[PDB]
Amino acid sequence: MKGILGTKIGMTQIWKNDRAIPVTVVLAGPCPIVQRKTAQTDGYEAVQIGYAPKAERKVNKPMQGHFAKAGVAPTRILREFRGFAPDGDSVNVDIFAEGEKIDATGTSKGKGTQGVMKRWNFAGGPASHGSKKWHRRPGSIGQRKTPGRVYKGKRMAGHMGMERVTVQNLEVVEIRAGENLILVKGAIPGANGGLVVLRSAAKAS
Amino acid sequence: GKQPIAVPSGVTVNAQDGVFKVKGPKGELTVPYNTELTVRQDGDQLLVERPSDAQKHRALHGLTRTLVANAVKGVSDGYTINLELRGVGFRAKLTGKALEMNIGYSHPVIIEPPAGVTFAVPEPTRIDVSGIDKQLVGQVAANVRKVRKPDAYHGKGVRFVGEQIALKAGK
Amino acid sequence: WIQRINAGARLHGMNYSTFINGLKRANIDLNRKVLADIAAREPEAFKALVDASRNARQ
Amino acid sequence: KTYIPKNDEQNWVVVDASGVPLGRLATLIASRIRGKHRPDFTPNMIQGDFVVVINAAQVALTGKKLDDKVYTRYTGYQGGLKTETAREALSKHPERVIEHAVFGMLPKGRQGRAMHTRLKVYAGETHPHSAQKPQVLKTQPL
RNA sequence: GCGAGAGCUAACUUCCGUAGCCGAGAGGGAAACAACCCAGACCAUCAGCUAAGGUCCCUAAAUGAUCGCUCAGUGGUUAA
RNA sequence: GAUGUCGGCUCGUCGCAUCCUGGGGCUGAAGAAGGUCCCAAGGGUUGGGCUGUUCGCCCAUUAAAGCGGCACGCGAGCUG
RNA sequence: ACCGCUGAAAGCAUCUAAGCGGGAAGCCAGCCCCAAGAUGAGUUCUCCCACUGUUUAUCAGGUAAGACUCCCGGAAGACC
Ligand SMILES: [Mg+2]
Ligand SMILES: [Mg+2]
Ligand SMILES: [Mg+2]
Ligand SMILES: [Mg+2]
Ligand SMILES: [Mg+2]
Ligand SMILES: [Mg+2]
Ligand SMILES: [Mg+2]
Ligand SMILES: [Mg+2]
Ligand SMILES: [Mg+2]
Ligand SMILES: [Mg+2]
Ligand SMILES: [Mg+2]
Ligand SMILES: [Mg+2]
Ligand SMILES: [Mg+2]
Ligand SMILES: [Mg+2]
Ligand SMILES: [Mg+2]
Ligand SMILES: [Mg+2]
Ligand SMILES: [Mg+2]
Ligand SMILES: [Mg+2]
Ligand SMILES: [Mg+2]
């Protein structure tokens, strides 16, 4: 259930009581209702809301029609949250209390096509023990005549990053409400000026 | 082998179909019974015969009888099992209906009585499991006892009153 | 040809084997290629040949 | 010479699978699909009828099978060869048992694959093809 | 396959004997399969009966008939 | 008219006759700690000294420091 | 694996032969990620509309919504 959208603004150092907590600043500027989907309508249980605003000019016709169906003014970005409900339109006050654990999802910083190292944490090769042209290469792909193939999904060089990453149980240090600023304990994946979604934890404990 | 069926004067085992159902005074029942052998009342008594007589027929015979039997003796007499707690201070009570077992375990074990059955206490170091079914009460007392089977050293645990327990004895 | 006849037979209540056998019994010495032809392009004819085979069978 | 026909018709039915062994209904339907009951039968044409199965939920499987009957779906991936009891697949998604059965009983070339489509699989007593006016087929050996 | 020897009453083992087969043999069967079971292909046919082997669907042909057995999926791989 | 061989290194993944971990029966099982057997393959299985070594011995740890298959896995991957 | 409830064959006893409860780091579900090329191609909101061309020319053309092209860049990326 619980959820809302906002930007990755920055990592910084701040104190509660006596400890250096490291906090990443999210913003969650108000999100508007746009689409309210129920079973008898669209089968499944959800709500689509929106983040960064956009001027009527740079906007499609259809997307205009959409955003006009519930008088809303266009958001550069849309998204869904399963099993929500609210009433009115959606900020972080009413949604998080300070200290509540939360699951924060972003896109990563991606890295391009990456080595067996960087990608998957491969071993390597004896950087000086006679080792011709084998310094960074993963060695063997299989066995031999049996099976005679290479396994499905065998890790090897590949585009690393730009994945969708979720990190679990993060703590709402601080709510600068009506400045729609959120302070969160620790890391949050994907680069500064990021797009992240703070949803309640998946779990319990 | 077995046949004779002794019904009291306030019974009603409506022997329709295979679902040969009962409604005694101590609360009615519904009892799932074998069709392909058939059974009904013949006046003041009652009877369960069987068709062919290879061997597999000879099972659901004495089976089904002893089952309807269980029904009769249940809607008339009812049922009950005496249980006792033996051991260094073991105790139980009643949360409305739930069984408050306190059996030398760091954190208490309480049990919840399903429908049809009810719980009972006298002096707390004893539990009386009573209900209308005879299966179900067995199928409950089973659990309660299974909270701690009487160990093979001091015999400390849960048991059926008279029940002898043999005692290995250690060092 | 065979599967078409089997069909035919069965379309009423006959087996292929039984139809063809009662069409050996009443000695109706038809090629089976023809029998297919009758069966799929000529209805009531197949009907009769059936009634025949069955008659001669019992 | 011999008479090669032309595929008009498109003929529809309702097999009620309630309380029938799998293999049996399996070949009944497999056959109606393949076409073999058409005296104008033709081997490079998919003459066969359209089959609507209701109550694939309530099929009969002879014991103890549904606690013995394995279904093995290999995935390419090591530790793939996953399993499934017949009751599992039945409570999960029963039309995929009936589908699975009928599909072993139809040719494995371009044709057969394409024929699969002539199968419409459900559960309970409901279908959305009332527009196709299906002729209520039965359960016999004829 | 049947006879024996060397072997470990091992071998798709080897060395004799003996029948058939492949070699130099297509055709049907045994899923697939020189050797096995049926059988020796002069051409043509959109013609009929059979063999071994089969007849729920794939796949031609009885989801055959009557007296039975096993309930173990035995069938669909072994022993004290 | 070529199927490159030990050992290391890289990379893996399977078997269960299970080293650990999880569940149970027996106990010559009081407790603690164990013996032994049944179920169990999800994950895990340390760093060094000597020797080309696998192996094995020792140092110091460990819940454990399992056994084997993948052409005694892996040279168009490296060593040599 | 194992532990039991009701319980006949076998008047007794029996966890089993009909049925029922409990039972693991294992199976399925739950967690993170991909996912309708799921050709069985799903669902929903919104938008443009019903244009023109002697079929001597039974299909093209100009356009709407919208999109590319090209420039400038990027915490996206070898090219795309
Ligand atoms: Mg980048
Ligand atoms: Mg290195
Ligand atoms: Mg291969
Ligand atoms: Mg030789
Ligand atoms: Mg030669
Ligand atoms: Mg030959
Ligand atoms: Mg041959
Ligand atoms: Mg062949
Ligand atoms: Mg051979
Ligand atoms: Mg014969
Ligand atoms: Mg046939
Ligand atoms: Mg070579
Ligand atoms: Mg085992
Ligand atoms: Mg392992
Ligand atoms: Mg070797
Ligand atoms: Mg090697
Ligand atoms: Mg190689
Ligand atoms: Mg050397
Ligand atoms: Mg359970």
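Residue numbers (the authors' numbering), protein chains in the order written: chain B, 1 to 205; chain E, 5 to 175; chain N, 61 to 118; chain G, 30 to 171. The beta-carbon is built from N, C-alpha and C at its ideal position, and this holds for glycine as well.
Report task. Express the C-alpha separation of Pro36(E) and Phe24(E) in angstroms, rounding to a whole number. Result -> Near 7 angstroms, if we compare the C-alpha coordinates of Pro36(E) and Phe24(E).
**Report entry** Paired residues, beta bridge with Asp97(G) - DSSP
**Finding:** In DSSP, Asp97(G) forms no bridge with anything.
Requested in this report: Give the residues of chain G in contact with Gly153(B), contact being defined as C-beta atoms less than 7 angstroms apart.
Outcome: Those are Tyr106, listed as they occur along chain G.
Query - Any C-beta of chain G under 8 angstroms from that of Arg64(N) - result: Yes - at least one Cβ of chain G is within 8 angstroms of the one on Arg64(N).
Query raised in the report: Just the Cα atoms here: how many angstroms apart are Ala127(B) and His135(B)?
Result: Each residue's Cα considered, the two are about 5 angstroms apart.
Query raised in the report: Hey, is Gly141(G) close to ligand 1, as in C-beta under 7 angstroms from one of its heavy atoms?
Result: Every heavy atom of ligand 1 is 7 angstroms or more from the Cβ of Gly141(G), so no.
**Report entry** Any C-beta of chain G under 8 angstroms from that of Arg117(N)
**Finding:** Judged by the 8 angstroms Cβ criterion, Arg117(N) is not in contact with chain G.
Query - C-alpha distance - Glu104(N) paired with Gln118(N), whole-angstrom precision - result: Note on geometry: alpha-carbon atoms of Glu104(N) and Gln118(N) lie some 22 angstroms from one another.
Report task. May I ask whether a heavy atom of ligand 3 can be found less than 7 angstroms away from the beta carbon of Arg144(B)? Result -> Checking the Cβ of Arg144(B) against ligand 3 gives no.
**Report entry** Interface positions of the segment 66-84 of chain G facing chain N (Cβ-Cβ less than 8 angstroms), listed along the chain
**Finding:** Within the segment 66-84 of chain G, the residues whose Cβ lies closer than 8 angstroms to some Cβ of chain N are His66, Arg67, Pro68, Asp69 and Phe70, listed in chain order.
Query raised in the report: What runs of the alpha helix (DSSP H), each 4 residues or longer, lie entirely inside the segment 65-152 of chain G?
Result: If you keep only unbroken alpha helix (DSSP H) runs of at least 4 residues inside the segment 65-152 of chain G, you get 115-121, 124-131 and 139-145.
Query raised in the report: How is residue 183(E) classed by DSSP in three states: helix, strand or coil?
Result: Shown here, chain E extends from 5 to 175; a query on residue 183(E) therefore has no answer.
Query raised in the report: When you check each C-beta in the segment 89-106 of chain N against every C-beta of chain G, which residues fall closer than 8 angstroms?
Result: Within the segment 89-106 of chain N, the residues whose Cβ lies closer than 8 angstroms to some Cβ of chain G are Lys93, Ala96, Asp97, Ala99, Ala100, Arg101 and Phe106, listed in chain order.
Query raised in the report: Hey, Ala89(G) and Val49(G): beta-carbon distance below 8 angstroms or not?
Result: Yes, Cβ-Cβ distance for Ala89(G) and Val49(G) is below 8 angstroms.
Query raised in the report: Leaving out five residues before and five after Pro154(E) in sequence, what residues of the same chain have Cβ atoms less than 8 angstroms from its Cβ?
Result: Hits under 8 angstroms: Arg90, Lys160, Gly161, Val162, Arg163 and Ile169.
Report task. Counting only the same chain and skipping the five closest in sequence on each side, list residues whose C-beta sits under 8 angstroms from that of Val23(B). Result -> Leaving aside the five residues that flank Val23(B) on each side, the residues in its chain whose CB is nearer than 8 angstroms to its CB run, in chain order, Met11, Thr12, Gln13, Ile14, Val173, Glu174, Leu183, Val184, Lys185 and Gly186.
Query - DSSP three-state assignment for residue 255(B), whether helix, strand or coil - result: Residue 255(B) falls outside the range modelled here, since chain B spans only 1 to 205, and no answer is possible.
Report task. Measure the Cβ-Cβ separation of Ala39(B) and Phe81(B) and say whether it is below 8 angstroms. Result -> It is not a contact, given that the beta carbons lie outside the stated cut-off.
Query - At least 3 beta-carbon pairs within less than 8 angstroms: the segment 154-168 of chain B vs the segment 94-114 of chain B - result: With the cut-off at 8 angstroms, the segment 154-168 of chain B and the segment 94-114 of chain B touch.
Requested in this report: Spatial neighbours of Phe96(B) within its chain, please: CB distance less than 6 angstroms, with the 5 preceding and 5 following residues excluded, ordered by chain position.
Outcome: These residues qualify, in order along the chain: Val172.
Query raised in the report: Looking at the C-beta of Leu166(G), does it have a partner C-beta in chain N at a distance below 8 angstroms?
Result: So, not an interface residue.
Query raised in the report: Going by the CB atoms, is the gap between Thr56(G) and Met134(G) shorter than 8 angstroms?
Result: The Cβ atoms of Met134(G) and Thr56(G) sit closer than 8 angstroms to each other.
Query - Per-residue DSSP class, three states only, for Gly78(E) - result: Here DSSP, grouped into helix, strand and coil, assigns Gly78(E) to helix.
**Report entry** Per-residue burial, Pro138(B) [other beta carbons within 10 Å of its own, 16 or more giving buried]
**Finding:** Looking at its Cβ environment, which holds 16 or more other Cβ atoms inside 10 Å, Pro138(B) is buried.
Query - Per-residue DSSP class, three states only, for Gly135(E) - result: Strand.
Report task. With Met105(E) as the anchor, note down where its beta strand (DSSP E) starts and where it stops. Result -> Looking at the DSSP string, the run of the beta strand (DSSP E) that includes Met105(E) is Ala102 to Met105.
Requested in this report: State yes or no: is the beta carbon of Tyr32(G) nearer than 8 angstroms to at least one beta carbon in chain N?
Outcome: So yes, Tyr32(G) belongs to the interface.
Query - Pair within 8 angstroms by beta-carbon distance, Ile188(B) and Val26(B) - result: Contact annotation: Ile188(B) and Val26(B) have beta-carbon atoms nearer than 8 angstroms.
Query raised in the report: Can you check whether the CB of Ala28(B) is closer than 8 angstroms to the CB of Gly6(B)?
Result: Yes. Within cutoff.
Query raised in the report: For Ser128(B), which three-state DSSP category applies?
Result: Look at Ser128(B) here: in three-state DSSP terms it is coil, with no helix or strand label.
Query raised in the report: Quick one: what does DSSP say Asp89(N) is sitting in, helix, strand or coil?
Result: Coil.
Requested in this report: Have a look at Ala201(B), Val196(B), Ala202(B) and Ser205(B) and flag the residue whose alpha-carbon is nearest the alpha-carbon of residue 229(B).
Outcome: The structure shown does not extend to residue 229(B), since chain B is modelled only from 1 through 205, so no value can be given for it.
**Report entry** 9 angstroms Cβ cut-off: residues of chain G touching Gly68(N)
**Finding:** Listed along the chain, the chain G residues whose CB falls inside 9 angstroms of the CB of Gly68(N) are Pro68.
Requested in this report: Starting from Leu71(N), find everything on chain G with Cβ-Cβ shorter than 8 angstroms and list it in chain order.
Outcome: The contacting residues are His66 and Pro68.
Query raised in the report: Who are the neighbours of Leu171(G) on chain N, taking C-beta pairs under 8 angstroms?
Result: One finds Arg70 and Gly73 in chain N with Cβ atoms closer than 8 angstroms to the Cβ of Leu171(G), taken in chain order.
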